[PDB]
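Residue-level structure breakdown
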Amino acid sequence: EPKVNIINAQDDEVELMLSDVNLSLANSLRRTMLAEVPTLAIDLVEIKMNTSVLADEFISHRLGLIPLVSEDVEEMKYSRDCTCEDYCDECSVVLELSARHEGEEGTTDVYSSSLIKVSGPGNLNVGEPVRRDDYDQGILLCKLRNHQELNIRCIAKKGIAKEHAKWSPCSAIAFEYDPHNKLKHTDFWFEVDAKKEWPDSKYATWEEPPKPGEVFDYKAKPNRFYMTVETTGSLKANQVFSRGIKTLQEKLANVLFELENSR
Amino acid sequence: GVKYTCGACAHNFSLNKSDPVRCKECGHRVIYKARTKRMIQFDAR
Amino acid sequence: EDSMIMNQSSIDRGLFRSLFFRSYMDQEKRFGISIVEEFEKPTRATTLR
Amino acid sequence: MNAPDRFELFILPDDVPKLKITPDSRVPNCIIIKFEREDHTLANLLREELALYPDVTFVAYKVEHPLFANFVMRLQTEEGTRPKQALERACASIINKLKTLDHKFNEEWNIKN
Amino acid sequence: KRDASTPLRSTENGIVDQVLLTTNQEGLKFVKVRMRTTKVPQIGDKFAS
Amino acid sequence: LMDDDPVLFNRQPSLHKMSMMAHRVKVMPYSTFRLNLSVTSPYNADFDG
Amino acid sequence: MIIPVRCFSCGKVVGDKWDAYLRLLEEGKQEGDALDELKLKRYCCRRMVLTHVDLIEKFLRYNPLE
Amino acid sequence: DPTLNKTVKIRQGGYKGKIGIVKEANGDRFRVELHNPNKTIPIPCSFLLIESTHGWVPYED
RNA sequence: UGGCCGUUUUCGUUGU
Ligand SMILES: [Mg+2]
Ligand SMILES: [Zn+2]
Ligand SMILES: [Zn+2]
Ligand SMILES: [Zn+2]
């Protein structure tokens with residue numbers, strides 16, 4: 001029964017139309033993929049030494065937000081569950097940065113690109129930092145001046161966007177339905193009239209305005225959701241969608257297993 | 001055993017709690033200790 | 001009653017997180033020409049209280 | 001200084017089973033479910049469908065306090081079906097609906113590019 | 001000998017950042033410890049427009 | 001302290017005897033007290049700090 | 001201080017775009033334009049790059065103790 | 001007990017691989033204080049990593 | 001091998 005109609009696809013942003021599914025389901029999918037998509041991001045920042053004007057905590061934080069290519073994270077076990085003593089390369093991807101400036105003039109600009117992967121459960125395409133392009137320098141982590149050296153020994157792990165907002169693969173989920181308010185679920189504030197004040201949505205042409213003589217439908221329901229996804233780049237939007245669906249599926253499957261096992 | 005660093009010339013040295021508190025190399029009277037060696041951690045959160 | 005709800009993720013993204021510096025103070029004290037106080041790691045046998 | 005562990009919002013302690021059922025003796029064929037480590041994301045989805053079923057008399061839940069990660073679901077199917085079966089039936093229904101949606105999206109993305 | 005330490009305020013935590021060690025006006029040792037930490041907004045803060 | 005135990009409670013100034021009451025205990029995280037939004041009037045209190 | 005990593009509101013990484021914004025401003029393009037060419041539509045992001053203040057250059061202008 | 005005031009890590013548990021210091025060692029449940037957070041957590045003696053002359057040594061030091 | 005000690009008085013600034 002469920003349908004799908006992608007309107008504009010891309011690496012990051014997906015602008016589709018989902019219809020013929022319970023609004024509860026669309027909302028829960030949005031929520032789960034905003035919150036319950038396992039990913040990879042910096043977890044333990046071990047600073048061998050620092051000489052910058054930025055507090056060590058400040059850098060550890062800035063690293064916490066750096067998006068990590070996590071296309072194979074699904075293979076990586078949870079560091080909580082992995083049986084290895086301390087961390088292992090099958091439950092942890094080690095990245096190290098060691099940048100420096102020399103000379104009495106100018107200012108260096110350490111970027112995300114300078115990050116480097118030391119190990120990782122290869123060849124799983126995990127650990128690499130994301131970039132818009134190849135020459136796109138990217139995220140700015142700091143600025144260095146004469147004699148100032150920065151050295152760090154980062155660590156990442158597999159956590160979920162619940163435990164922090166760095167594990168969020170989703171950036172901004174658009175979401176709406178009934179662009180003409182057929183179901184009337186919203187009452188429109190106004191000073192003179194509803195129609196001559198409120199500008200129309202961008203999906204205005206996608207559903208025909210109600211006819212002037214049209215009367216209310218008390219059995220009507222929400223049917224067509226237009227949800228435009230976007231990502232930081234840590235995972236492809238299609239991967240986001242499929243992984244969210246898979247996670248929700250396995251979660252319900254776990255619940256059903258619990259139900260049956262209880263007896 | 002207890003290194004230091006000048007605030008004017010930024011050259012490292014040490015003292016044994018008996019030398020007067022002065023920079024050995026430039027004579028400046030403001031110094032700082034240097035970072036320990038045990039390992040520093042952050043959760044990046 | 002003038003209370004606010006904050007987007008947890010907005011906090012986690014570096015919203016209104018600030019720094020806090022505290023400076024301690026101390027100095028060696030003199031009770032006379034031959035009596036002073038020395039910064040040092042005190043052993044328990046040599047010191048009391 | 002007394003904040004809960006952010007890893008505890010989803011991880012479960014060993015001694016507590018993921019789900020806990022409590023029959024509702026004050027009316028017939030009614031049960032109350034004591035969930036663990038769950039919120040609106042799961043509850044709303046389960047409730048919508050279990051309401052859509054024909055042989056369900058009353059179904060509801062509530063989030064006690066957003067500072068705690070568990071909720072309670074009230075379910076009362078007609079005498080025709082025991083509630084456990086209705087809940088697992090809805091579980092299967094959403095499972096298959098999601099599978100269908102995934103397959104359609106996969107095909108659509110393949111063709112689109 | 002008697003202890004004359006300068007314990008950290010029991011209600012504070014963080015990391016020592018920058019130790020200073022110079023003479024006072026009168027030529028005794030005269031120290032300063034700038035401990036630091038970052039304050040995460042949480043339940044019970046204050047804000048204003 | 002365990003849940004449901006009795007403990008006093010107060011605000012300053014304690015103008016009228018409806019500024020002191022005996023409540024019941026509920027253990028919770030975070031480091032603030034919380035009151036049902038109704039009982040603010042007898043304490044003449046608000047959460048602006 | 002420094003351009004942040006992720007927009008607090010949404011989460012759309014912006015920090016990497018700061019330099020490009022300065023560059024575009026250089027040739028005199030009006031700010032709204034520059035924010036456009038970066039593809040920043042939701043003003044939840046426009047607020048930052050429009051109204052962030054760079055201090056790290058100021059903080060570095062002091063000679064480090066090293 | 002000669003096993004106090006030493007740097008210690010966690011090998012298993014919800015804080016796998018966090019540097020911690022032994023603040024209190026009453027018995028059979030070591031109270032260790034971490035660095036990344038501003039808190040101290042109890043933990044069984046066998047779920048920790050103890051620094052030694054070389055490498056990280058489990059509970060045999 | 002338990003047992004175990006951290007100023008006052010001013011003034012200020014603020015808070016509800
Ligand atoms: Mg007030
Ligand atoms: Zn491992
Ligand atoms: Zn010098
Ligand atoms: Zn934004």
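About the cut-offs
- Residues numbered from 1 in each chain as written, not as in the entry; some residues may be left out.
- Chains lettered and ligands numbered in written order.
- Part of a larger assembly, values for the part shown.
- Heavy atoms only, no water.
- Helix = DSSP H or I, 4+ residues; strand = E, 2+ residues; numbered from the N terminus.
- Rg over C-alpha atoms; globule rule 2.2 N^0.38 Å.
- Contact = heavy atoms within 4.5 Å.
- Buried area = accessible area lost by both parts, 1.4 Å probe.
- Salt bridge = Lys/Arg side-chain N within 4 Å of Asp/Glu carboxyl O.
- Polar contact = N/O pair within 3.5 Å; in protein donor to acceptor, adjacent residues only side chain to side chain.
- Nonpolar A, V, L, I, M, F, W, Y, C, P; charged D, E, K, R; others polar.
- Donors = N, O, S within 2.8 Å, 3.2 Å for Na, K, Ca; no water.
- Tetrahedral: all angles 85-135°; square planar, octahedral: opposite > 155°, others 65-115°.
- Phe/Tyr/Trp six-rings, centres within 6.5 Å; stacked < 30°, edge-to-face > 60°.
- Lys NZ or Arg CZ within 6 Å of the ring centre and 35° of its normal.

Per the deposited record, the coordinates in this entry were obtained by cryo-EM to a resolution of 4.1 Å.

A look at the overall build of chain A
Counting its secondary structure elements, chain A contains 3 helices and 11 strands. Ordering the α and β elements of chain A from the N terminus gives β-β-α-β-β-α-β-β-β-β-β-β-β-α. In terms of overall dimensions, chain A is more spread out than a globule: its C-alpha atoms have a radius of gyration of 24 Å, far above the 18 Å expected for 263 residues. When the backbone C-alpha atoms are referred to their principal axes, chain A occupies close to 75 × 60 × 30 Å. Once local pairs closer than 6 in sequence are excluded, the contacts in chain A between residues at least 24 apart make up 79%.

Section: the interface of chain A and chain D
Residue-level contacts link 38 residues of chain A with 36 residues of chain D. Both faces considered, chain A and chain D share a buried interface measuring about 3700 Å² in area, 72% of it formed by carbon and sulfur atoms. For chain A, the biggest contributors to the area lost against chain D are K162(A), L252(A) and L259(A); these three give 16% of the whole. Counting every contact that joins chain A to chain D gives 1 salt bridge. Taking the shortest distance from any N to any O, the salt bridge between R31(A) and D39(D) comes out at 2.7 Å. Counting across the interface, chain A meets chain D through 7 residue pairs in polar contact. Sorting the residues of the side of chain A that touches chain D by element identifies β2 (14-19), α1 (23-35) and α3 (237-262) of chain A as the ones contributing at least two each. The element that contributes the greatest number of residues to the side of chain A that touches chain D is α3(A), accounting for 14 residues. When its residues are assigned to classes, the side of chain A that touches chain D shows 18 nonpolar, 11 polar and 9 charged.

Overview of the coordination of the zinc ion (ligand 2)
Residue and element names in this part refer to chain A. Distances from the zinc ion (ligand 2) to its protein donors, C82 (SG), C84 (SG), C88 (SG) and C91 (SG), fall within 2.3 Å. For the zinc ion (ligand 2), the 4 donor atoms in the first shell make angles of 104 to 115° at the metal, a pattern classed as tetrahedral. Written as a sequence motif, the donor arrangement for the zinc ion (ligand 2) is C-x1-C-x3-C-x2-C.

Things to note about the coordination of the magnesium ion (ligand 1)
Bound to the magnesium ion (ligand 1) are the protein donor atoms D48(F) (OD) and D48(F) (OD), situated 1.9 to 2.7 Å from the metal. Following the sequence through the fold, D48(F) ends up in the segment after α1 (40-43).

Digging into the packing of aromatic side chains
Taken as a whole and judged by the stated rule, the model has 16 aromatic pairs over all chains. A network of ring pairs unites the aromatic residues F175(A), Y177(A) and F225(A) as a single cluster. The positively charged end of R80(A) is found above the aromatic ring belonging to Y78(A), 3.9 Å away from the centroid. Seen from the ring of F20(C), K39(E) lies directly overhead, with NZ or CZ sitting 5.0 Å from the centre.

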